[PDB]
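In case you want the letters, here they are:
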Amino acid sequence: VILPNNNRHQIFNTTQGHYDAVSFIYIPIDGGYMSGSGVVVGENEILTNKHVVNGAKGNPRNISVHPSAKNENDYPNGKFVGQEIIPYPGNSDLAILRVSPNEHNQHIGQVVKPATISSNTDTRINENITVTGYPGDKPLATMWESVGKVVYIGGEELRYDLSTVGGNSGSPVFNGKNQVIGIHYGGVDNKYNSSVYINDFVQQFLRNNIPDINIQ
């Protein structure tokens, strides 16, 4: 959903700082492909949307994850294939994807630093945030950072005023400490963008499936 606030900047030094965990997702469908985004949060784990993993039609092996992808011809951290899809049991567009190790028996959370999850104890409306991931209007597997403000927090719903584009499905929403406060899932044209807010209940689901999860 493209809004009056469309402040987007490409990221090139993708393997450094907090960008490293921001991941590009590619799923073939016989006619073409679908793409999306996610964020590495544990040794073998990314967070993304239910609607993203549902594109695999029940086979996790159809999902390729490229952490820190720079463009279609530059995956500096290679890829990791889907192994197990663990949907968040609650009523939000959130899933964990566990991935296999790569061809060098490296784990995804060893090649990049797993992202820091916010406890969201301090998160409030009007807060300045970024949503960073792989928009579909841009060239395949290019990373973009969008700047915006939180407008709504309720239940598992966090809405902001910044712009995103199909492919931004699954993009982490960062606070100023570069901690993940939520996971983008879509938007309502001319009104706001929407994300899964990482509330206490979501945090419990993360802890119960990702033993090493870093929540601060």
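Structure determination for the deposited model, as stated in its record, used X-ray crystallography, and the stated resolution is 1.80 Å.

(A) The domain arrangement of the protein, seen in detail. What the domain assignment reports for the protein is domain 1 (1-14 + 116-216) and domain 2 (15-115). Relative to domain 2, the C-alpha centre of domain 1 lies at a distance of 16 Å. Listed by partner, the interface residues are 38 residues for domain 1 and 45 residues for domain 2. Buried area between domain 1 and domain 2, summed over both chains or domains, comes out near 3,200 Å², and the portion from carbon and sulfur atoms is 62%. Remark: the boundary between domain 1 and domain 2 carries zero salt bridges. Linking domain 1 to domain 2 there are 19 residue pairs in polar contact.

(B) Inspection of the UniProt feature "active site" in the protein at higher detail. Under the local residue numbering, the UniProt record ascribes the feature "active site" to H51, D93 and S169. In sequence the annotated residues extend across 119 residues, while in space they remain close, none of their C-alpha pairs exceeding 9.6 Å. Residue position: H51 is located in helix α1 (residues 50-54). By relative accessible area, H51 is classed as partly exposed at 31%. When neighbours within four sequence positions are excluded, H51 is seen to be in contact with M34, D93, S169 and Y185. With respect to the helices, strands and loops of the structure, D93 is situated in the loop between β6 (80-87) and β7 (95-99). Taking the relative accessible area as the measure of exposure, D93 reaches 18% and is therefore buried. Look past the residues within four positions of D93 in its chain and what remains in contact with it is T48, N49, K50, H51, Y185 and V196. A polar side-chain atom of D93 sits 2.9 Å from the main-chain amide nitrogen of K50.

Analysis parameters
- Residues numbered from 1 in each chain as written, not as in the entry; some residues may be left out.
- Heavy atoms only, no water.
- Domains from an automatic or database assignment.
- Contact = heavy atoms within 4.5 Å.
- Buried area = accessible area lost by both parts, 1.4 Å probe.
- Salt bridge = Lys/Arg side-chain N within 4 Å of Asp/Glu carboxyl O.
- Polar contact = N/O pair within 3.5 Å; in protein donor to acceptor, adjacent residues only side chain to side chain.
- UniProt positions renumbered as here; feature names shortened; annotations may be inferred.
- Helix = DSSP H or I, 4+ residues; strand = E, 2+ residues; numbered from the N terminus.
- Buried < 20%, exposed > 50% of the residue type's maximum accessible area, 1.4 Å probe, protein only.

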